[PDB]
Structure formats: structure tokens, C-alpha cells
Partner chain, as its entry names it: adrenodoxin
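Form solved without its partner chain, single chain, as C-alpha cells, below.
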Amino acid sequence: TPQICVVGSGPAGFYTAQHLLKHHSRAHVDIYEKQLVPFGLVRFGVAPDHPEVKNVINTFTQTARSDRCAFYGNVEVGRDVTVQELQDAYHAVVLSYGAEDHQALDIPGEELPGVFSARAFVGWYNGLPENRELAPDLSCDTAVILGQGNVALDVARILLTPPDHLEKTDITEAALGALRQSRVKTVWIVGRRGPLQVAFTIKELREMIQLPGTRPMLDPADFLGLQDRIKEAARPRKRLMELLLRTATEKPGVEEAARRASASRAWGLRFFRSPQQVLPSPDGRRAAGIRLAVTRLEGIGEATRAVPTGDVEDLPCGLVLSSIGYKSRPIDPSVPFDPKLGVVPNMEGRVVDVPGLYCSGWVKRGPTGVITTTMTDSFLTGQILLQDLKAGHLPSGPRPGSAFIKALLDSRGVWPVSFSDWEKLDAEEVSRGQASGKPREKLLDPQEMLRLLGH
């Protein structure tokens, strides 16, 4: 009876567990999670208006309800239980704890009220408890987001969508309340490089172009000579560039020009600009603008980089969101860690020089893939682990699993959240959603959550 543990209950932890249980009929898989609830970025990252993307929770739930899987929420690995205790109790341990650290801008003014990471703002509208008191001031009229990836489009979309259109999503009631009073009417999404280097994808870009009540602001000068350079591009990429290109250059028909003219909100893309400093208001109490360094591109293909021209542009705004990526954080002394790439060093999921220790998801490869990318990568880890298990490369004989761990947690005063405990809060969140017309109304206060979890 192989005993395996998974650290982190996001898509990498759950897909790793699903592979292990599907391909080994006897193994037991225990999933540990620091938050009081499961699912990681599917609950706290994916936007409220992309409920379709969160449907993977139904298959994760079937895995967690199975006889050979168990969930242990409210357990911070590296703090409440160490990795070495886990290594001693299980045949294999898989690190799947994501990339919790936002990359900072590292620029002067970053401390002014009105500056936030995009993930923190997302965590605020998606109910991550640690961001419940973010209280972003939306009394300004313009927001600037740095970074042109899908996370940037999500934050811009939420700031500009007519609030009534978010009423039936699972967005927190607190954030929708704040959005109803927001004075933000313009959002600029700024990149250091040019149109060919954008990182967003077509579904999200189209949602922005078609967002009711808004008009797009693209400068045709940023697109001169584009069709020519995209003739040899991959199909999906070329389609994305053609949609941007049309949006920037085609003159709209009569009805669309009228719709654009009556729009009360607008969004735009700015290129060749890198963040130099956040500018304060006269009294220093808040952000009032962003000073950008003009840039030009050098290099070819993926090797292209932005270099400064010496010119600068000041762009007035009251909210600055940095959407420039993430890094994993070290977790425990027994686990090697590369501060440069912000990943646990590994060879196809086997942690360097640590027999029995593996990794999957963002902590294995870096923070760049979508959920499907995380799923197929976790299956790769699951294959190597099971081959190591079948071949007798892991310790032979028993291994206690949770019987050992719980006896340690019992003594330390840590009471883990089981999946059946989570089911109680889930039912409560869903029922509270019935009155208002939402999928659920998330509980945000950890104390109240613990009560509703039966703790």
C-alpha cells in the first residue's frame, strides 16, 4: 500500500493525485493545503466572469471524494509539519505549492497608496482572505496596468464591465459594492515591448474589444508594418495579431462608430514604455501618475528586448497595477531552492539530490502555463513517480502515511480541515448565493469560515 503525499491543492496537486490513483490501484494519496479551502488559483485567480474555466473543480471534487484520497487543509507545510516529517511518513512526496510571490516593479513610488500588484487586486475580488482588506481607492478616473498578459486583461475587464453584468457571478459582494461606486472610466495596459510581444490570448482580447459600455483605444502607428512580419507566424498567434491589427486600423461601420461614441468607458494598449517611477500627489498621500521610459526594440525574434531612448512620458492616473509575473517562495530547509528562477531545482519532476521528493505545476516549471498546461505536466511527474514506485526505487515496506502525521498534528494543536469539513462550507457558500442570484457568496473572514467548517 504505497503512501504518497501532495503539498498544495491547486490544479497541480489535484491532477498529480488523479494520475496516481488512476494508474495505481492500491496507492493512497493525501493532499495537504495551507489555506482553509481547496483548489488554489482556480478559486482565487480565475476571474468571476470566467466561471467556465472553474469547472475543473467538479473532477477535483470526485477525486477528493474517493476512498483512496484525503484532504488536509489548514496545514502549512514547512511550518505545521516539515518536509522531512512528510518524507519519513510517505513513500513519495510531491511539492505542488505554486508561485506565491509577486514580482515587484522595484521602482521609486511603489509604496504610494494606489499602487498594487494585479494578483493582490485579483485576490481581493476573488475572496482570498489575506486580501480582504485591500480596499483599493476607485475614486480616481484612470487606472494604469503594467504588463500585457491575460492577468492584465482580467483586471481591466473587471474595472470596466458595467457592474450589473457582474451581479450573477461569484465576485465578492464587497468588491461588487466597491465597483458600483467606482469613478474609473479609463484603463491603459502598458508594455515595454511592442504589439508582437503581447502575452495575452485571443479569447480574453476579444472579450475586451467587445465589452459593452466601452470603446478600444489603439494607436495605428504602433502597428505599422505588422501584417508583413506576421505572415510566417503560427496560426493562433497570427489570428491574435490580425484581430489587434483590424481593431487598430479598420474604420468602424456606422452602428459600431455610434456605439463607440456613446460609450462612457474606454481601454487602451500603450507600447514601448517601461515603468520608471510612480509619481505622488502634491501632498504625498497617493499615486497621481506614472513616469515611463520611452523604449525601442533591439534583437531578433524571441531575443528582442526593449532599450531606453532617453525620453520619458508622464501618464496621469490614480491606480497602478503591476501585472508582471511571479516566483515561488522557498518552503523548508530540506528542499533545495533556486532563487534565480524561483523554482525547486529538478530533473523532469525528480527533486535534485533528494530521493523520494518530486514536484509538479508552477513550482516545477516556473509560473507560465494555463490550467491545461499544468495538468499535462503533472501527468508527466505522475508517470516518473509511478515508474520509480513500481521499480522499487522508493523505500520498500510499509510507511505510515497520515497515521503518523496526524499524531504529530494532534499533539501540536493543528486541526486540519477534511474534505467533508470543506463540503459543509461549500454548501453554506452556495446556499447564501441562492437569495442573491449568484453561484455562491464566498465567506471571507477566517474566523467565520472556521465556524462554518465545523471548527
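Each form is matched to the other, and the largest set of C-alpha atoms that superpose within 1.5 Å is called the rigid core. Residues that one form lacks are left out of the comparison. Numbering follows the first chain given and starts at 1.
Unshown form solved in complex with its partner chain; subsequent notes refer to it.
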Checking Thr376, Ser264, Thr309, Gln181 against its partner chain in the deposited complex, the residue with a non-hydrogen atom inside 4.5 angstroms turns out to be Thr376
Just to be sure I understand the contacts: of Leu112, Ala233, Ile209, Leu380, which is the one whose heavy atoms reach within 4.5 angstroms of its partner chain in the deposited complex?
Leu380
Does its partner chain get within 4.5 angstroms of any non-hydrogen atom of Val56 in the deposited complex?
yes
Report whether the minimum heavy atom distance between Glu133 and its partner chain in the deposited complex is within 4.5 Å.
no
Considering non-hydrogen atoms and a 4.5 Å limit, does its partner chain approach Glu52 in the deposited complex?
yes
How about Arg239 - does it come within 4.5 Å of its partner chain in the deposited complex, if we only consider non-hydrogen atoms?
yes
Assert contact_stretch over 139 to 147, 365 to 373, 212 to 220, 274 to 282 against its partner chain in the deposited complex, heavy atom within 4.5 Å, equals 365 to 373
Rigid core superposition between this form and the one not shown: residue from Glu133, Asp219, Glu298, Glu111 with Cα shift of 2 Å or more
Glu298
Given a CA distance change of at least 3 Å, are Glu302 and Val155 closer or farther in the deposited complex?
farther
Under comparison with the form shown, the C-alpha atoms of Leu245 and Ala303 in the deposited complex shift by 3 angstroms or more, placing them farther
Displacement runs between this form and the one not shown, C-alpha, 2 Å or more, three or more consecutive residues, core aligned:
296 to 309
